[PDB]
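Q:
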Amino acid sequence: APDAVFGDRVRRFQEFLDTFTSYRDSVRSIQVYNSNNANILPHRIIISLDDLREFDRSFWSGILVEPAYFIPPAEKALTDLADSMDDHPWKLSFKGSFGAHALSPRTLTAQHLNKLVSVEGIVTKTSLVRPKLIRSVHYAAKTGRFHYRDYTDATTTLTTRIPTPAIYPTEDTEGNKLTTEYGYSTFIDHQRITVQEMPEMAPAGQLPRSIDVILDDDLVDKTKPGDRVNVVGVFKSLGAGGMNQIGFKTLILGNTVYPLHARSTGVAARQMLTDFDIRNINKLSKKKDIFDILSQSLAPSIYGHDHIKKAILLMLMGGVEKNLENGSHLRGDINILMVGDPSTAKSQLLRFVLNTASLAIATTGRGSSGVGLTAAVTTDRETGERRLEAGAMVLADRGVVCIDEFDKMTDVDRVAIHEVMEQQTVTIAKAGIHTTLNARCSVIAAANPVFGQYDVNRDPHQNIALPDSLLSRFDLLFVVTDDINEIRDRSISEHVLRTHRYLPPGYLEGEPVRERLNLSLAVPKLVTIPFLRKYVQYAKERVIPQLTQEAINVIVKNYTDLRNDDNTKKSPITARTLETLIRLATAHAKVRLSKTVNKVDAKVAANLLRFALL
Amino acid sequence: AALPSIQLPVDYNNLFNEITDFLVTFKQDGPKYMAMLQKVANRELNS
Amino acid sequence: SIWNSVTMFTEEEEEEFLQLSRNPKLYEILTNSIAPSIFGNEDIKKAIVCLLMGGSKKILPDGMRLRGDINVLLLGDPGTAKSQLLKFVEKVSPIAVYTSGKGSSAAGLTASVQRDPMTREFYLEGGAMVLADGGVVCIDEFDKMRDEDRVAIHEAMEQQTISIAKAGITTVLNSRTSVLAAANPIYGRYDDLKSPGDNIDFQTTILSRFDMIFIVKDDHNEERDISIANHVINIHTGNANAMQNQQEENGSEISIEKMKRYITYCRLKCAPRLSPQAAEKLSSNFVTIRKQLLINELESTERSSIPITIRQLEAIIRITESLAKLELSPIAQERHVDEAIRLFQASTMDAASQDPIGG
Amino acid sequence: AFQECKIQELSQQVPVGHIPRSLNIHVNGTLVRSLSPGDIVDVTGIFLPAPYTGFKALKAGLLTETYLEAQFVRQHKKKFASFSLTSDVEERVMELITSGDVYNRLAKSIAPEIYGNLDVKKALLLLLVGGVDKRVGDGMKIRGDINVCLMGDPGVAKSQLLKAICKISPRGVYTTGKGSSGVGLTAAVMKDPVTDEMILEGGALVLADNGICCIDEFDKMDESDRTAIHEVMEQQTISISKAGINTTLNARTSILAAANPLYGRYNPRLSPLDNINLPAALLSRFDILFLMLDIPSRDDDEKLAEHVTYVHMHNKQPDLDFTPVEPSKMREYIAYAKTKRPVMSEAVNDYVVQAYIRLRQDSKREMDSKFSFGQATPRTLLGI
Amino acid sequence: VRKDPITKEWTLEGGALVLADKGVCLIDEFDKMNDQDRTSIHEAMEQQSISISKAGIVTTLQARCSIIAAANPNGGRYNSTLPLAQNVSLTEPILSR
Amino acid sequence: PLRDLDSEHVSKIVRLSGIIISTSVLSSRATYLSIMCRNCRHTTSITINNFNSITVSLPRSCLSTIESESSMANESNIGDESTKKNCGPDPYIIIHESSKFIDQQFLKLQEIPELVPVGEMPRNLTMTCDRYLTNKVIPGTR
Ligand SMILES: Nc1ncnc2c1ncn2[C@@H]1O[C@H](COP(=O)(O)OP(=O)(O)O)[C@@H](O)[C@H]1O
Ligand SMILES: Nc1ncnc2c1ncn2[C@@H]1O[C@H](COP(=O)(O)OP(=O)(O)O)[C@@H](O)[C@H]1O
Ligand SMILES: Nc1ncnc2c1ncn2[C@@H]1O[C@H](COP(=O)(O)OP(=O)(O)O)[C@@H](O)[C@H]1O
Ligand SMILES: [Mg+2]
Ligand SMILES: [Mg+2]
Ligand SMILES: [Mg+2]
Ligand SMILES: [Zn+2]
């Protein structure tokens, strides 16, 4: 029967939902969607814990401290408003600043039980999504009547109830036999996941701590193993810890699950674009020095190397791939290789690409070997089946892979990369498993000269020492050297000393600067690094240029000319060069946001290739 | 819960002050009840 | 380790160290306290004084990360006492680990990843480079170590991180350590007729990584022998136990825990940024340095064994700031640059023992 | 009658970054023995629940498992065995022939986006059709199926041809050198979850029985893997003598292979066999061996570039006076062709004898000077 | 760190070097060691303490011990026409200790 | 020393030295429990201040009958024609939002690996701690 306290807690949350009206229209929107569009959306909204502090302090403190008394009231209050604006229950989500309830699996203790918490870590394993039976319907052929029953369990209501163990009906109240109507019963899905502390926040050489999260219905398939995640929910004690006859059974009943992005991880980074942002992105295009402004802002601290600055942007945007009715796939990724002297900032260039790209994985020479790049087979304890867990290149699909110290790899891995750089498929034929996986990735790499330093007397085949088959699979092979000089020594020295003296905004000189780990959230003046990602993200999703009848003649001339010319080149010439020219041409048209490839872009591609060749 | 609560149009702290004021104010047309109580003090009244 | 450390200071100790900083000639007291039982090796010791303080860490808005730490190599004959210097640097530094190439008995040299016996999930089992974060790792016998370890050591020494990529886990780790390496020369001893490059049993591009290269030569001379023998024989008598415990109590020597605390303090207190009136001095020095190498190397055909690169300019840059810090200063005058270049010539420009630099 | 099948996702349906998932199918009645491993199908079924089979400690509520009850099976590539000549197969094979020129028409209908290489595609079509198998007497057999090998310099489209020929065949498998090693080729020992029996799981060679096998990067394989290919191409059986196994597998498969020269490019200064890694005895078993070199020619390059750049602009082939036969119609004509057994007379025998005499006389002078991949043998006569 | 067959427990065990602290260690057939044993010997003789990082245990142990060792030359017999370093398979870093 | 332990030292205080090799995960144990009967709805409480054993348990029978407390309570306990209120064999449910908990840990101490008998496996002991002693040490410490 009605409780006064429940009623007042509902009333105050009705007033809260009335004062800040940004949540009512959000509820309106989902009904508008599910009616006008008949992908049915789930019945949920998100609340800010910062708004609650301003509106009411005690109600805020109560959800932080006593969720099991203030959450069902708020949910019922929300359901009432939903049924009000209406011409299936509803549930809430939580965001804002939590404070002392922003914990990790190691610092989460028994004094935080029965409160709402935020937990950080890595997802290590997910289970199979299973149906759960709620209501079952039956039929009696001797009376022409249908009967039903309801089932419930302890992980669906935040407060403790008196158990009702009902049974599965096979028989009528007179004895008539009942047929089970599987299509008329209701089933709701279930999944369980385990979380662990992230490897770069955990103490070195110490065993890790983990926590179990239970998800149901709509939150059931949001993540995969090996992800950075933030979860919010109630830390619940269950059952009796052996007092009917280790301790109590503890787990989190999830309500919010946020994917997070980190360096060298399989979760991509995306940002929400404001119309103001779009206006600047589109304004920048018309000025006909877009390429130079964007190129010089690519790690401006390294000096020169402007053509590699161009090439990295061309790889970051990339062309277009094409599928024919036949069933043929034609590649559209660009790959870069760099050979130079042992103090030419190769690793700074690689690390910058790792920091800026939306999805990137870092590998160093012999570091990754064999299965570590392609895939490996494991066994599942429960079902007993043999499964696959992804290697580096399977994870970096529609992305970039950074290979530092490229020349240190064995031939066995080289033959495996031959298949990824051209067909972009990985084929596995192990005991019982025969499957093909997708790996559509671009590759950037850096290599050391065989003789320590580049020898101008000898020809390239004696300095590089890589097979022609692998060389042809790289679109661009750049060579760089540091010529000892005085003019450039002065110029470089002065600039490098400029850089080494820089105050971050807001410190008195002397004060040490402070380091923090950057965890993201997923959904001629130089341009800011945070804006370059916004530019690229729009430039890939929106523009898909088509080929014109003009520039084909330029490409044809350049390819024919190169193949019937007799200068010693830094790479062999094949049909791969023919396709490379088109990929390069379409990348520049992605830079310009035009719907068609053009002649100026074709000549920029040709100029770049010829500089990198001769 | 298993013991539900209800709301009634009463308040005991509110009426206790009214009881006190009546017992330390009433002078019928020294104060009446406070003279009854002064006789109570000296063991000269039982009810 | 990097978690169980004290980062708050008592007022009396703070006043003690602010009065010790104003000590008129403290440079010489410290240099006296870093291995006072070693005879000679003063240039080596000042290098370690600057080493334990490290350069100024700088994080730039381009995503790029310019490191501050100091790398020193001790190459030379046997029995020069360079091993004891590492064993002392172990004990005078708040975070330290003493390892040999090829790791240790059952401890590795680079991050190792294994699957938990109980849960069967991925955790970091160990690795000296991540265990000694924020400290010093003395790599003895640098000459013999495996290629898989060398490749990771390179990225740890430059970008101060390590990258892991296997079937299950991908991640980038933080390894912010200082390197002090000691290697013996091949052929028993160092032949002066042969370039330093072929006097080492490994590739010559490894040398460009370091900042100061110290070549110690065991030269035979009777007068030095008498003095060193007398030094050793008094230490075994007991004299140095009462010539240290005595002048220790006369402000001509700091102690081992006091020094340790002091280094922790200055490390976690200040960050020197150079004076612009001094920058062009360091810039002109670098060009005059490299001009001579170009002249000599164009005179002949073979290239130099010890190359002067862009990494060695930032060596000067860092060592100026390392000396600027035990002064608790935010800026460094020209005297820091003067001492820095003095020590640089003492350490790195012993490329004068190299064939196409003699001229 | 009961059977239980596992079905897995296609590559083009898996989201970005995830692994493909699986499902269970049940079959009863006269619908058994209709699905075989390695098929792409569309199955009609009724989706029904089953009792839970997981861990008790992880049970929350009335959880259930799912399975599918089969009612009707469709296969995207119809097998050649099923061929029964009805009246609509008559209609379209009767139009195919009325336009004549069938050999060239169906030779250019293999990968119409790859320029040139007509002679390679003519050989490919014959490897798709096959020959005649002869039980000579005493129960001894001659193989009647052709094996083709391709060599060439980088960037000549060999792998695209292998992919295409694996898409056209009803049974056909594509494998790469080191990713399919050991038990991934021959067979493995596993215990059956359903029947509780010890079975042998087939590899690539066992999945392509009565089909075409496509191997890429032939030169990189292990010696153990090469021995099995040797045996399959000679007698079409695989013998295994390891712990727990003494059997002989029946493998009727045709081999298509691709390989690069040892030094990347072909060195005409070096001998023909100095440029190929494989032993000459293996290359003596392939019926036809094609060498696809890349000698720069100014004129031909503008016709190749035209085709490729046209293809990247239009998703169709550039020829308007040629009809590309659909794969289904090609499969029908190939099946009807495979239902015939022609025979040889004496006059045709004379010709073959006479040609063999002259070829055997000429091969020796070439092999003496070290300018041939192989001296003529009886196997060349069998190939002819 | 291994498992005890009897009690079914995980144990920390040191080598003979650790177990013989303030005593003597006797290594027979000193020239046939594998890389692991050689690294352990070098650490013990140089620094006189054993380091381990396994299964969540990070520690340093005391190895103040005396070493006596026996070895056979290369080939089988002694070559007097060459120095010591060229008759035996041990290296100068170890011999000098 | 760890090997000098005998029957004498049982229920007595000892001082010991060693090295840590194991540390388990923190477990939850109750300090204050609130319960209810699933048949009659009687409520009570439990307080625990002795966590050293590794014990209090839940009552086996309803306490409403033995606490014949109210004059109408012993009357609500009757009825249903002729029979005696029988709640059941064990009818107490824990109301978790109204209960409080603490942390408990397990550790293993090992003798110094140096002063060990030659050729024998080192011996170890199992230790229990709670409240303000948890997470104070790591394996590898003496
Ligand atoms: N052209 C350059 N401009 C600016 N700094 C440079 C340049 N080349 C090298 N450096 C600096 O010198 C060091 C080069 O180290 P590293 O990245 O390891 O070189 P490499 O990868 O070529 O071996 C870094 O401090 C880098 O910032
Ligand atoms: N100059 C010196 N002053 C004091 N002790 C010295 C000196 N030179 C050598 N010794 C002593 O002699 C030994 C030298 O060997 P060691 O320190 O291992 O040197 P190395 O690094 O060359 O192997 C040590 O025990 C050291 O204490
Ligand atoms: N003659 C050709 N016609 C059309 N495309 C070709 C031709 N030669 C090469 N290509 C293209 O160039 C690439 C060659 O890749 P691949 O088939 O692996 O060559 P290879 O087998 O020699 O290594 C493919 O994209 C292919 O479409
Ligand atoms: Mg490098
Ligand atoms: Mg030494
Ligand atoms: Mg190929
Ligand atoms: Zn009861």
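Protein chains in written order, with PDB author numbering: chain H, 16 to 53, 90 to 138, 151 to 308, 315 to 592, 648 to 738; chain L, 3 to 31, 60 to 77; chain C, 341 to 699; chain R, 309 to 692; chain S, 580 to 676; chain A, 147 to 200, 204 to 291.
We treat Cβ as the ideally placed atom computed from N, Cα and C, and that holds for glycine.
Which stretch, first to last residue, makes up the alpha helix (DSSP H) that contains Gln340 (chain H)?
A: First-last for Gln340 (chain H): undefined, no H or E at that position.
Q: Identify the contact partners of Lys486 (chain R) in chain H, using a Cβ-Cβ distance below 9 Å as the criterion.
A: Here the neighbours are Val481, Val484 and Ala485.
Q: For ligand 3, any of its heavy atoms closer than 8 Å to the Cβ of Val616 (chain R)?
A: Correct: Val616 (chain R) has its Cβ closer than 8 Å to ligand 3.
Q: Let me check one thing: in DSSP terms, what residues is residue 283 (chain R) bridge-paired to?
A: Residue 283 (chain R) falls outside the range modelled here, since chain R spans only 309 to 692, and no answer is possible.
Q: Please confirm whether any heavy atom of ligand 4 lies closer than 8 Å to the CB of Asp473 (chain H).
A: True, at least one ligand heavy atom lies under 8 Å from that Cβ.
Q: Could you check whether the Cβ of residue 680 (chain S) sits closer than 9 Å to any Cβ belonging to chain C?
A: Limits of chain S in this structure are 580 at one end and 676 at the other, which puts residue 680 (chain S) out of reach.
Q: How about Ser7 (chain L): is its C-beta nearer than 9 Å to some C-beta of chain H?
A: Yes - at least one Cβ of chain H is within 9 Å of the one on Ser7 (chain L).
Q: Just checking, does the stretch 585 to 599 of chain C make contact with the stretch 626 to 642 of chain C on the three C-beta pairs under 8 Å criterion?
A: These segments do not touch.
Q: Name the chain H residues whose beta carbon is nearer than 7 Å to that of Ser632 (chain S)?
A: Ordered by position in chain H, the residues that pass the 7 Å Cβ test against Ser632 (chain S) are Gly268.
Q: Just how far apart, CA to CA, sit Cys644 (chain S) and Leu577 (chain H)?
A: Taking the straight line joining both Cα atoms gives about 55 Å.
Q: Note down, in chain order, all residues in the stretch 151 to 181 of chain A with a beta-carbon under 9 Å from any beta-carbon belonging to chain H.
A: Residues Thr169, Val171, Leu172, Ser173, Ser174, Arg175, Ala176 and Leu179.
Q: From which residue to which residue does the alpha helix (DSSP H) around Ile21 (chain L) run?
A: Unbroken alpha helix (DSSP H) run through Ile21 (chain L): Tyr14 to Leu25.
Q: Could you pull the start and end residues of the alpha helix (DSSP H) that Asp396 (chain R) belongs to?
A: Taken as a continuous stretch (DSSP letters only), the alpha helix (DSSP H) holding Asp396 (chain R) covers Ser395 to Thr406.
Q: Does ligand 7 have even one heavy atom less than 8 Å from the beta-carbon of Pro240 (chain A)?
A: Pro240 (chain A): yes, Cβ under 8 Å from ligand 7.
Q: What residue range does the alpha helix (DSSP H) around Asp23 (chain H) cover?
A: Counting along the chain, the alpha helix (DSSP H) containing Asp23 (chain H) begins and ends at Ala19 to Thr34.
Q: Which one or two residues does DSSP pair with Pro194 (chain H) in a beta bridge?
A: In DSSP, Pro194 (chain H) forms a bridge with H:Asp252.
Q: Is the beta carbon of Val495 (chain H) within less than 8 Å of some heavy atom of ligand 3?
A: It does not: the Cβ of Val495 (chain H) is nowhere closer than 8 Å to a heavy atom of ligand 3.
Q: Rounding to the nearest angstrom, what Cα-Cα distance links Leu622 (chain C) and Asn688 (chain H) in this structure?
A: Computed Cα separation, rounded: 52 Å.
Q: At a Cβ threshold of 9 Å, is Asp583 (chain S) touching chain B?
A: The chain inventory of the structure shown lacks chain B, comprising the protein chains H, L, C, R, S and A.
Q: Establish whether the CB of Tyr605 (chain C) and some CB of chain H are separated by less than 9 Å.
A: Cβ-Cβ to chain H under 9 Å: no for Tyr605 (chain C).
Q: Using a C-beta cutoff of 9 Å, does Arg291 (chain A) count as contacting chain H?
A: So no, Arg291 (chain A) is outside the interface.
Q: According to DSSP, is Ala648 (chain S) helix, strand or coil?
A: Three-state DSSP puts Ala648 (chain S) in a strand.
Q: Taking any Cβ of chain S, which residues in the stretch 261 to 287 of chain A have a Cβ under 7 Å from it, in chain order?
A: Answer set for the stretch 261 to 287 of chain A: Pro262, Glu263, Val265, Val267, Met270, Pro271 and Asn273.
Q: Could you check if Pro686 (chain R) is buried or exposed, using at least 16 other CB atoms within 10 Å of its CB as the buried criterion?
A: Classification of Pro686 (chain R): exposed, given that the 10 Å Cβ count is below 16.
Q: Is the beta carbon of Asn372 (chain C) within less than 8 Å of some heavy atom of ligand 2?
A: Every heavy atom of ligand 2 is 8 Å or more from the Cβ of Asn372 (chain C), so no.
Q: Apart from the five residues just before and just after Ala713 (chain H), which ones in its own chain have a Cβ nearer than 8 Å to its Cβ?
A: For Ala713 (chain H), where only same-chain residues beyond five positions count, the Cβ hits under 8 Å are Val667, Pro669, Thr720, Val721, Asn722 and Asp725.
Q: Would you list, in chain order, the members of the stretch 598 to 627 of chain S that have their beta-carbon closer than 8 Å to a beta-carbon of chain A?
A: Residues passing the 8 Å Cβ filter: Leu598 and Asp600.
Q: Listing by chain order, which chain H residues have their CB less than 7 Å from the CB of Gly635 (chain S)?
A: Within 7 Å Cβ-Cβ: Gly268, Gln269 and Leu270.
Q: So, under 8 Å CB-CB, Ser477 (chain R) and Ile520 (chain R) are touching, yes? Tell me the CB distance rounded to an integer number of Å.
A: About 5 Å; that satisfies the 8 Å criterion.
Q: Buried or exposed for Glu474 (chain H), please, with buried defined as at least 16 other CB atoms from any protein chain shown within 10 angstroms of its CB.
A: So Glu474 (chain H) counts as buried.
Q: Identify the contact partners of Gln259 (chain A) in chain S, using a Cβ-Cβ distance below 9 Å as the criterion.
A: Chain S residues near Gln259 (chain A): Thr590 and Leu591.
Q: Check the Cβ of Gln253 (chain A) against every Cβ in chain H and list those closer than 9 Å, keeping chain order.
A: Chain H residues near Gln253 (chain A): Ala173 and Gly316.
Q: For a contact defined as C-beta to C-beta under 8 Å, what are the partners of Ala303 (chain H) on chain A?
A: Near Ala303 (chain H) (Cβ distances below 8 Å), the residues of chain A are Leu207 and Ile243.
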